[PDB]
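Remarks on the overall topology
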Amino acid sequence: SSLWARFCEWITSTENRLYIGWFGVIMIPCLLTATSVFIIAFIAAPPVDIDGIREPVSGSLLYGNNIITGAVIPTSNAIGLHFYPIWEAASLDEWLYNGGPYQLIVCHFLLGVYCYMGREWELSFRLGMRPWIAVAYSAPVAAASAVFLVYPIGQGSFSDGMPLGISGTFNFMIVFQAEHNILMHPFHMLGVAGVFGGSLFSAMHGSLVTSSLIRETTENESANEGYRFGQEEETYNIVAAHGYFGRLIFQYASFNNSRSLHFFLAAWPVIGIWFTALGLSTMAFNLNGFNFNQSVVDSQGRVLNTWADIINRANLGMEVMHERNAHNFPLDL
Amino acid sequence: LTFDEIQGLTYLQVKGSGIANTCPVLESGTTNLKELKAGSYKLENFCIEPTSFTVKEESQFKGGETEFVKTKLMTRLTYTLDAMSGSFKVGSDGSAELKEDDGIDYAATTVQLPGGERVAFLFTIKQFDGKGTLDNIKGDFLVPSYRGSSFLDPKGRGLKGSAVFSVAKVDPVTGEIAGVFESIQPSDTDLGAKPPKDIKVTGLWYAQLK
Amino acid sequence: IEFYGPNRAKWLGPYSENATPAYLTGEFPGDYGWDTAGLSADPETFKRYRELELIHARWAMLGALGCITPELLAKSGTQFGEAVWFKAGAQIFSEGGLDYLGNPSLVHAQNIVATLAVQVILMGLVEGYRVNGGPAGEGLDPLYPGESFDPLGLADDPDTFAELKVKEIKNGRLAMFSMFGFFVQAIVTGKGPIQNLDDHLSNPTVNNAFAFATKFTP
Amino acid sequence: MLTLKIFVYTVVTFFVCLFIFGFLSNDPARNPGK
Amino acid sequence: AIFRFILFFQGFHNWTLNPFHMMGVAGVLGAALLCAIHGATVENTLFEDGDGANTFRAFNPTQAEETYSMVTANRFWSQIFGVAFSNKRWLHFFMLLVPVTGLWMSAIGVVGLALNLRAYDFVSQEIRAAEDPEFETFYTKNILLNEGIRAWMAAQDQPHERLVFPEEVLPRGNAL
Amino acid sequence: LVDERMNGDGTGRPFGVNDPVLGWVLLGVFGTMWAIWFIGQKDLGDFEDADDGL
Amino acid sequence: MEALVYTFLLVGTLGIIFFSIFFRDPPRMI
Amino acid sequence: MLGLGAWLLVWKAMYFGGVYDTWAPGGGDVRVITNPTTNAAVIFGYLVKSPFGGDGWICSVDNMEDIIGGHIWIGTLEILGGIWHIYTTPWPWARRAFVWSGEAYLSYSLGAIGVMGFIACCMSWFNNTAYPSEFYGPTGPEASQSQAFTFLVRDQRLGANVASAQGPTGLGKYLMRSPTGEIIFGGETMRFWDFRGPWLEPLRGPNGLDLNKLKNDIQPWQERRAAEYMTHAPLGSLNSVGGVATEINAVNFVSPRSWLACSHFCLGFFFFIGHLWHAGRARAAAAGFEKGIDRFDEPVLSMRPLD
Ligand code: CHL
Ligand code: CLA
Ligand code: CLA
Ligand code: CLA
Ligand SMILES: CCCCCCCCCCCCCCCC(=O)OC[C@H](CO[C@@H]1O[C@H](CS(=O)(=O)O)[C@@H](O)[C@H](O)[C@H]1O)OC(=O)CCCCCCCCCCCCCCC
Ligand SMILES: CCCCCCCCCCCCCCCC(=O)OC[C@H](COP(=O)(O)OC[C@@H](O)CO)OC(=O)CCCCCCCCCCCCCCC
Ligand SMILES: CCCCCCCCCCCCCCCC(=O)OC[C@H](COP(=O)(O)OC[C@@H](O)CO)OC(=O)CCCCCCCCCCCCCCC
Ligand SMILES: CC1=C[C@H](O)CC(C)(C)[C@H]1/C=C/C(C)=C/C=C/C(C)=C/C=C/C=C(C)/C=C/C=C(C)/C=C/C1=C(C)C[C@H](O)CC1(C)C
Ligand SMILES: CC1=C(/C=C/C(C)=C/C=C/C(C)=C/C=C/C=C(C)/C=C/C=C(C)/C=C/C2=C(C)CCCC2(C)C)C(C)(C)CCC1
Ligand SMILES: [Cl-]
Ligand SMILES: [Cl-]
Ligand SMILES: [Fe+2]
């Protein structure tokens, strides 16, 4: 009947193909804004003073960068944590010099992905599922917000955020190892265990289910035509697969319940990523990694060397070369 | 604002508006040229505003004659050299002898050209001696070095311009002198890898005798 | 219905005489029972007082909004000469006549006795038409006509229109009390009312009203 | 730039007000229900 | 010591720029993605068999029914993400196929690095940056950083070379 | 100065508002959206105690 | 010259994404 | 009860002994607040100001008068809200907007307290008024400002100029400009020019750093604070070794600001995840499918296909 009622019925319909919902009205236009700025700025952005030391940095395809070296340059350090939109700038040849589109794209992309998580709640509630997909999607959201928002707040500049490009990502990672020693940090090792265990468990489950498919086709055609869509028959003998796994390793490390197996798959890599999401946020506030410098000492008092005392030399080599034209006072980068 | 109108403000009121990047505007003091006594004075706050940065575009589009081209600033509000001082004589008939020794005498700014080409340059009035009578106070300054000798090139290896003052308004009591300012200086070169460019800067200035 | 009936929201809560006055029990919007002087014991007197009160209400709303709006607009971003409703009338005499909205290319009004004459003629027309019924609607109800000057048509249902009656009367009583406040503030402080609000919000304990408590001393 | 700034505030506040008055408009009953 | 090996590749070989290593990280991290997706989907579009809210107690291991609504999860991920699976044969086979493809396509690049055919510097940006000074891409910062790794760590990493660099030879950075 | 700019960084103004022309747009969108919602209130569930919860 | 090749490859990848989303086979029932 | 809790702090400021201000001259000192600034147009500025740099959110609070006046506001407001809710009931626009159950009430409080944790983190890392530098230590920008001021006071008394000392790249080694025209220190504290500390503000004039005051008006207690803050800058480690990661085991130091910030950021982020748990589960339990899709009545096989 009424305009608002018909509009709400359309926007909470479930028959339009890509669902919208009520978080969708912030998810859709803001991410379209971020995409439409990023595609332009990856192609035709003028060089950007990332350092504030009057040295512009080329990042776009038109100025002698390929797909790997192409990147959206982050904002200058003199800009700091100041909110710097288009309308506060003088011209569009002045906004793009001082780290323009990074400030726009990051603040758009974060508001996009949080509302995308809300949308993943909302469509599950509209269909009648149980609502915990957004809880699992909270992990890469945290991993994005730690490098795009939390760490530049901690360092006090938007310069030290991750550059939006392939060859810029590694120049973020190596200098982060230089100043913070991420490898000697126990949260990061928990995240390494998370991603490696996630790959192991994915390959293991996809092996042990594909190894028990019930023969329903021939041996000339595809082995994927044995599953007609929307049936009620369990296409993999989970009893035989669990018996094979129990003969393979252990009978008390069973996980005979399929639901317990799926809880374990849902909770291994998510909790793996959450600890690195905390670890970046802790290293943002200058709470450093480990430090085993000059630990092994002989009976006289001289200094022996270990693998930590080689990683110290590698991090010295990175540190005395990162930001080569800025640092004068001997610390605090 | 004037000088006391600026210093009546607090730092929380100055911070965030651009009032700090200004000479204080001088009141009605025109044509007081006979109201100028002698003495080996000094200046209290010798500030100089620029208002237009033009670059001699050496590229030809008409003939063998090149003009100066209005452009855009690039960094942010990063001009108006401040707190300059020295030794500043006023003579008999209006012969000013103005010597600059101290203060923030340099500011590095970048400026495009229409055509998409950036040019960095210093704005330096280091060690200027202007000895003239209130119309063309001429003399030269130094453009010391665009970057230091300890600068690292991106792969780990490795003058004098013109300046003309003028005097427009004179405070007879406190010695506050305003006026207009012009200068022409070369650009940055990366040590002969790129030939320099002529740059004209126009503006105003302000000073307080003491 | 809560708003009118034998159990309406009376004018003192539990302290409203434990009973209405005996000559009014609901049946009309805005009935709380506050007639303690008893001035409307006769039903035709009571009908005349409703027919007067509703018109004072509908004028008091416009008199409120016209005394708020220029102090907003001129202090925000425009120019009026003077926006305060003291000197809103004195804009004809000021410099070249009354520029409506501060624009010497629209009305630019002079000739104050001609404006008075146009007001007398047109208000005589509409205040005769409100009594007898003329064009754009025959006179059928002196208070609630409901015809082609009410184009959106919300008075179709009896109950929702019965609630909107009470909404109009409640807003009317509030507008009258506010306009009395405007007039007394205009007598006392001699300043604009939104200017009085901005003066009160700066220091609420000393610019209250009691600073202006020794003005009328003999 | 002010012509841009009015437009940006207009679009932002339109979408945020659509959000808030969407969720006030009877959300937890547009489910499959019981 | 594995950390020393990682910084060994990062400072001598520049193992970062190897497309085979890009394949490897894509395989590993996409498998870690799809594990979490499948685990948070299957037990979330689950059926109704028990009474209490503890849904783990409502599974017969000897069962001829299902335990998760394939149609519902298909409609879910079709309306959020776009493309969505419809064949749980192919789903588990794809979970099989992703990380082994990543690890084999990393092993090929480790072979190519063993032969010292490293993904070190290009032609074009280097010959352009030797000519034009102010170029300074993140690429030409990573190379100038890896040189700082390789000139500092070597003199104590490998003593059988028998080299002691003077401090003037080291990449200093002009008093950072 | 040399050029023209809003100079809105570091000010500390409510909602980033500089002109009252800029200030009116907030209410001018909020009130109309509220009015459309309050009209749309007709076709919703209004009730005494028919509450949507456990 | 090669920038056009780069842009053509990126736009073609996005086009295949578009056709994969919208012009798929319908996942049909029993 | 919370309103009386706020009025306890108001009474302790106004009448009982006093509160340690960090902006009293001659070093920080305990004083008695006499005029708490309770201007509504000033106090409701901080709730609306932009949460980015320079401007700052309520972490940019500076005055103990403003702090105690805001607590006067909260003490009135919470008592008024209590007297409101004891005698009122929720109105139908809120009786249909909410999920009314047990776990839902926990769900709202978890998200609220997660926002509380994030605000506490950004308070304890940046502020120096409510968390004074003499008690908790220097802050992030304060360390860099202290280092630049210490080396300027060092190199001033030897012969080199403080103004014309051109740095490596043309910019000032010691003094340079802000983006908004002020005169500040150089190096990398151009990201930290928004700093306002009591050891630096008497040396700060209308345009920022007064060159005359840096020539003439340096205080010995300011010298001592600057000499100790660059020594005890917040550069921790998990094994409690101070300095950078490329530093030998010299000083057992981690600042308490780092522990407070990191711990409350993690403990707020987990409450946020708990809110994303319970706000889904409560509305699902109120709807009636918190235990799974029923096999008979399925909401998908009634709908249209999408094709
Ligand atoms: C049970 C508690 C209760 C009390 C104490 C009141 C109080 C009042 N209500 Mg009521 N109400 C109460 C319950 C409720 N009221 C209402 C809804 C209403 C309405 C709509 C109205 C009232 C009105 C009134 C007034 C009726 C008598 C009067 O006209 O004042 C006369 C007496 C005074 C004005 C004395 C005031 C004392 C003050 C100190 C005087 C100041 C002295 C100055 C110094 C004098 C200035 C000096 C000169 C020289 C300038 C009275 C003030 C009427 C009203 O207030 O209109 C203005 C009115 O219209 N009430 C509801 C909702 C159903 C209630 C439910 O609980
Ligand atoms: C033009 C003024 C006016 C008039 C004629 C009426 C008329 C009426 N009102 Mg009403 N009213 C008004 C203004 C007016 N109202 C205002 C401003 C308020 C808000 C405070 C109310 C609030 C109100 C309530 C709460 C109730 C009524 C009721 C009534 C009805 C019976 C009472 C009666 O006999 O009133 C006769 C009134 C007059 C003859 C007005 C005399 C005016 C002179 C100048 C004396 C007024 C001096 C004033 C009291 C001084 C202080 C002013 C300040 C408080 C504003 C009657 C139809 C009752 C009812 O059933 O509603 C329909 C009822 O319960 N009135
Ligand atoms: C902290 C404790 C607390 C809690 C849990 C509640 C909870 C509630 N209150 Mg409430 N209230 C409180 C304190 C609290 N109140 C106080 C201290 C007061 C006195 C001012 C009130 C006064 C009050 C009234 C008058 C009413 C409620 C109502 C309600 C109910 C619905 C709220 C709603 O839908 O609007 C949630 C809030 C909004 C939709 C506001 C819009 C949100 C925008 C985006 C932000 C702007 C708000 C504000 C200006 C913030 C500035 C911005 C920035 C600083 C973030 C709910 C049970 C209503 C009800 O039915 O209960 C009787 C109602 O009518 N409350
Ligand atoms: C379980 C671990 C844990 C631990 C050990 C701490 C420890 C701490 N937290 Mg904390 N916190 C935690 C978990 C934890 N938190 C979690 C999970 C959250 C949610 C994310 C928070 C959220 C949180 C906030 C929001 C804040 C802290 C703060 C603090 C610190 C001071 C506590 C305080 O001010 O009391 C709080 C006090 C009360 C709850 C009640 C006090 C009320 C009385 C009436 C006041 C006394 C009146 C008067 C002044 C005294 C008498 C005077 C009289 C004569 C007049 C302390 C280091 C505070 C801090 O210092 O920030 C860094 C702070 O602002 N925490
Ligand atoms: C100057 C700026 C220029 C900006 C240009 C913007 C370009 C991008 C616009 C997007 C175009 C592609 C989608 C359009 C097709 C579509 O609507 O689906 C067709 C269906 C059909 O619906 C049906 O649509 C019917 C209307 S119609 O006649 O069929 O069109 C309707 O009646 C019916 O109810 C409904 O079932 O629409 C819907 O399901 C919902 C409509 C909204 C969904 C589209 C927005 C999603 C965009 C994704 C954003 C994230 C991407 C990030 C960047 C990679
Ligand atoms: C709402 C807005 C948010 C969503 C927008 C983004 C949507 C992304 C759509 C992905 C399109 C990929 C289609 C795969 C081809 C396709 O259509 O798959 C179709 C396939 C359908 O499965 P079926 O059950 O129908 O197969 C039946 C069997 O017979 C054969 O499998 O779906 C999947 O398996 C999902 C896998 C998605 C994997 C996506 C990974 C792609 C990564 C990105 C690659 C491009 C790089 C981008 C850089 C430029
Ligand atoms: C610096 C200070 C910053 C202060 C920020 C203030 C933020 C305000 C947030 C308000 C939240 C309101 C929540 C919804 C409130 C809500 O639930 O609406 C519903 C409510 C009525 O509900 P009902 O439907 O039950 O009404 C009763 C009948 O309809 C029953 O059938 O209406 C109100 O009470 C509005 C209250 C004032 C709202 C503000 C006034 C709106 C109009 C003002 C716009 C002017 C228009 C000018 C045109 C140009
Ligand atoms: C009921 C009762 C009962 C018991 O028994 C007894 C008693 C108590 C007696 C009673 C009571 C009564 C009362 C209270 C009354 C009151 C009234 C009023 C005040 C009205 C107003 C009323 C008021 C009103 C109308 C008002 C109106 C207004 C207006 C139009 C305005 C206009 C205007 C404007 C726009 C503005 C411009 O620039 C000008 C002018 C021209 C100025
Ligand atoms: C002492 C202090 C102060 C002040 C304080 C205060 C006064 C505070 C308050 C504050 C406030 C006053 C806050 C507010 C809050 C509220 C909110 C934040 C809201 C939110 C929203 C919501 C909750 C909603 C949601 C949803 C929607 C969207 C709609 C409907 C419903 C729902 C649920 C669905 C100062 C400044 C001085 C500073 C210092 C400290
Ligand atoms: Cl530094
Ligand atoms: Cl680098
Ligand atoms: Fe699985």
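Looking at the entry header, you'll see cryo-EM listed as the method and 3.73 Å as the resolution.

A separate point is the interface of chain B and chain F. With 12 residues of chain B at the interface, the matching set in chain F holds 8 residues. With both chains or domains summed, chain B and chain F bury close to 840 Å², and 51% of this area falls on carbon and sulfur atoms. Counting across the interface, chain B meets chain F through 1 salt bridge. Where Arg76(B) meets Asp9(F), a salt bridge forms, and the shortest distance between an N and an O atom there is 3.7 Å. Along the contact surface separating chain B from chain F lie 2 residue pairs in polar contact. The class makeup of the residues in the side of chain B that touches chain F is 5 nonpolar, 5 polar and 2 charged.

One way to say it: the disulfide is the covalent bond shared by the sulfur atoms of two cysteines. According to the stated counting rule, one finds 0 disulfides over all chains in the structure shown. Of all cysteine sulfurs, the one in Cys17(D) lies closest to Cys8(A), which takes part in no disulfide; the gap is 14 Å. Left unpaired, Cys266(H) is separated from the closest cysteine sulfur, that of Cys262(H), by 6.7 Å. For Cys266(H), a relative accessible area of 12% corresponds to the buried category.

This part takes up the UniProt feature "binding site: chlorophyll b 1" (unreviewed entry) in chain C. Residues and elements named next belong to chain C. The feature "binding site: chlorophyll b 1" (unreviewed entry), as annotated in UniProt, sits at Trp-11, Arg-58, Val-107, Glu-127 and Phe-216 in this numbering. A stretch of 206 residues holds the annotated residues, and the largest C-alpha distance among them is 47.4 Å, long enough that they do not meet in one place. With respect to the helices and strands, the residue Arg-58 is situated in helix α1 (residues 43–76). Of the residues examined, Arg-58 reaches a relative accessible area of 30% and is grouped as partly exposed. Beyond its immediate sequence surroundings of up to four residues, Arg-58 is in contact with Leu-143, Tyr-144 and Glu-168.

Time to look at the site of ligand 6. Neighbouring residues of ligand 6: 13 residues in total, closest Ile80(E), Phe81(E), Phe85(E), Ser86(E) and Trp90(E). Bordering ligand 6 are residues originating from chains A, E and G. Contact distances for ligand 6 include 2.5 Å between an oxygen atom and a side-chain N or O atom of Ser86(E). Between an oxygen atom of ligand 6 and a main-chain N or O atom of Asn87(E), the distance comes to 3.5 Å. Alone, ligand 6 offers 1,200 Å² of accessible surface; in the complex the protein occludes 52% of this.

With that settled, consider the sheet that holds strand β1 (residues 39–41) of chain B. Residue and element names in this part refer to chain B. The strand order β1-β4-β5-β8 describes an open sheet built from 4 strands, whose pairing is antiparallel. The open sheet is flanked by β1 and β8 (129–132), the only strands paired with a single partner. Looking at each pair of strands side by side, their axes are set apart by 10° on average, direction ignored. For β1 and strand β4 (residues 86–90), the ladder comprises 3 bridges, and the chain directions are antiparallel.

Once that is clear, we can look at helix α3 (residues 64–87) of chain H. Residue and element names in this part refer to chain H. In a regular helix each residue adds 1.5 Å, so 24 residues correspond to 34 Å; α3 covers 35 Å between its end C-alpha atoms and thus fits that length. Every buried residue of α3 is accounted for by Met-64, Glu-65, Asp-66, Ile-67, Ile-68, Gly-69, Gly-70, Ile-72 and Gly-75. Buried-residue contacts for α3 involve α1 (2–14), β1 (19–21), β2 (29–31) and α2 (40–46).

Turning our eyes to something else, we now look at the site of ligand 9. What surrounds ligand 9 is the set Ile20(D), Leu24(D), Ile43(H), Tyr46(H), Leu47(H), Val61(H), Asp66(H), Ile67(H), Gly70(H), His71(H), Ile74(H) and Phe98(H). Ligand 9 sits at a junction of chains, with neighbouring residues supplied by chains D and H. Out of a free accessible area of 980 Å², ligand 9 has 49% covered by protein chains. Counting only elements with at least two residues in the shell around ligand 9, the list comes to α2 and α3 of chain H. Top element by residues in the shell around ligand 9 is α3(H). It accounts for 5 residues. Partitioned by chemical class, the residues of the shell around ligand 9 number 9 nonpolar, 2 polar and 1 charged.

So, on to the environment of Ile104(B). Within the fold, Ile104(B) resides in the loop between β5 (96–100) and β6 (106–111). In contact with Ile104(B), other than residues within four places in its own chain, are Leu81(B), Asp82(B), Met84(B), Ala163(H) and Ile183(H).

Before going further, it helps to spend a moment on the pairing of strand β2 (residues 47–56) of chain B. All names here are of chain B. The buried fraction of β2 is high, at 7 of 10 residues. As paired elements, β2 and strand β11 (residues 198–208) share 8 bridges and run antiparallel to each other. Counterpart to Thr-54 in the pairing with β11 is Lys-200. Direction of pairing for β2 relative to strand β3 (residues 68–70): antiparallel, over a ladder of 3 bridges. Among the inter-strand pairings, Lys-56 is bridged to a residue of β3, identified as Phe-68.

The next subject is the arrangement of the chains. Ranking the 17 pairs of chains in contact by contact count places chains A and E at the top. Across all C-alpha pairs, the smallest distance from chain B to chain C is 20 Å, and the two are not in contact. Where chain E comes nearest to chain F, the C-alpha atoms are still 16 Å apart, and the two do not contact one another.

What follows concerns the sheet that holds β2(B). Residue and element names in this part refer to chain B. Spatially, 5 strands are ordered β3-β2-β11-β10-β9 in an open sheet, and the strand pairing comes out antiparallel. Of all the strands in the sheet, just β3 and β9 (162–165) have a single pairing partner and so form its edges. The average undirected angle you get between the axes of adjacent strands in this sheet is 30°. Of the pairings in the sheet, the one linking β9 to strand β10 (residues 176–186) comprises 4 bridges and is antiparallel in character. Residue pairing in the sheet places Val-164 in a bridge with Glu-182 of β10.

Before going further, it helps to examine the UniProt feature "binding site: chlorophyll b 15" (unreviewed entry) in chain C. Residues and elements named next belong to chain C. Summarizing the sequence annotation, UniProt attributes the feature "binding site: chlorophyll b 15" (unreviewed entry) to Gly-89, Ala-90 and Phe-216 in the numbering used throughout. Taking the farthest pair of C-alpha atoms as the criterion, the annotated set spanning 128 residues is dispersed, since that pair is 26.5 Å apart. With respect to the element layout, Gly-89 can be found in the loop between α1 and α2 (112–132). Note that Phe-216 resides in the segment after α4 (193–202). A relative accessible area of 62% means that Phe-216 is categorised as exposed.

A few words now on the side chain of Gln125(E). Tracing the backbone through its elements, the reader meets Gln125(E) in helix α5 (residues 124–131). By relative accessible area, which is 3% here, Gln125(E) ends up buried. Within polar-contact distance, the side chain of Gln125(E) engages the backbone oxygen of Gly64(A) at 2.9 Å. In this view, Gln125(E) contacts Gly64(A), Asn65(A), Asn66(A), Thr69(A), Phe135(E) and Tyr139(E); residues no more than four positions away in its chain are not counted.

It is worth spelling out the interface of chain A and chain E at this point. In this assembly, 101 residues from chain A lie in contact with 80 residues from chain E. Of the roughly 8,300 Å² buried at the junction of chain A and chain E (both faces included), carbon and sulfur atoms supply 63%. Our count for the contact surface shared by chain A and chain E stands at 2 salt bridges. There are 23 residue pairs in polar contact connecting chain A and chain E. Those elements that provide at least two residues to the side of chain A that touches chain E are β2 (56–57), α4 (100–127), α5 (133–155), α6 (166–180), α7 (186–210), α8 (238–248), α9 (258–284) and α10 (308–319) of chain A. Among the elements that line the side of chain A that touches chain E, the one with the most residues is α7(A), at 13 residues. Of the residues in the side of chain A that touches chain E, the class split is 51 nonpolar, 33 polar and 17 charged.

With that settled, the discussion passes to α2(C). In an α-helix, one full turn covers 3.6 residues, which means residues spaced three or four apart are oriented alike. Given a rise of 1.5 Å per residue, 21 residues ought to cover 30 Å, and the 30 Å separating the end C-alpha atoms of α2(C) matches this to within 8%. Positive backbone phi, at 105°, marks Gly133(C), one or two positions downstream of α2(C).

Here we take up the environment of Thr174(B). All names here are of chain B. Counting through the fold element by element, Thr-174 comes out in the loop between β9 and β10. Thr-174 sits in the partly exposed class, given a relative accessible area of 42%. The spacing of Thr-174 and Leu-209 is 35 residues in sequence and 7.0 Å in space, taken between C-alpha atoms. Polar contacts involving the side chain of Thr-174 include one to the side chain of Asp-171, which spans 2.3 Å.

Turning to a nonpolar patch on the surface, a few remarks are in order. Residue and element names in this part refer to chain C. Together, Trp-59, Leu-62, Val-118, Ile-121, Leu-122, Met-123, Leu-125, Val-126 and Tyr-129 give the surface a local cluster of nonpolar side chains, amounting to about 870 Å² of exposed area. At the level of elements, α1 and α2 are the ones that each hand at least two residues to the nonpolar patch. For the nonpolar patch, the leading source of residues is α2, giving 7 residues. Tracing the chain through its elements places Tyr-129 in helix α2. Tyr-129 gets classed as partly exposed once you look at its relative accessible area, which sits at 40%.

The rules we used
- Residues numbered from 1 in each chain as written, not as in the entry; some residues may be left out.
- Chains lettered and ligands numbered in written order.
- Part of a larger assembly, values for the part shown.
- Heavy atoms only, no water.
- Contact = heavy atoms within 4.5 Å.
- Buried area = accessible area lost by both parts, 1.4 Å probe.
- Salt bridge = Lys/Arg side-chain N within 4 Å of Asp/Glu carboxyl O.
- Polar contact = N/O pair within 3.5 Å; in protein donor to acceptor, adjacent residues only side chain to side chain.
- Nonpolar A, V, L, I, M, F, W, Y, C, P; charged D, E, K, R; others polar.
- Disulfide = S-S within 2.5 Å.
- Buried < 20%, exposed > 50% of the residue type's maximum accessible area, 1.4 Å probe, protein only.
- UniProt positions renumbered as here; feature names shortened; annotations may be inferred.
- Helix = DSSP H or I, 4+ residues; strand = E, 2+ residues; numbered from the N terminus.
- Near = heavy atom within 4 Å.
- Areas by Shrake-Rupley, 256 points an atom, 1.4 Å probe, with all protein chains shown as cover.
- Pairing = 2+ DSSP bridges.
- Axes fitted to C-alpha atoms, helices over the stretch in contact; angles between N-to-C directions.
- Expected span 1.5 Å × (residues − 1).
- Patch = residues over 30% accessible without salt bridge, like charges linked within 9 Å, V, L, I, M, F, W, Y side chains within 5 Å.

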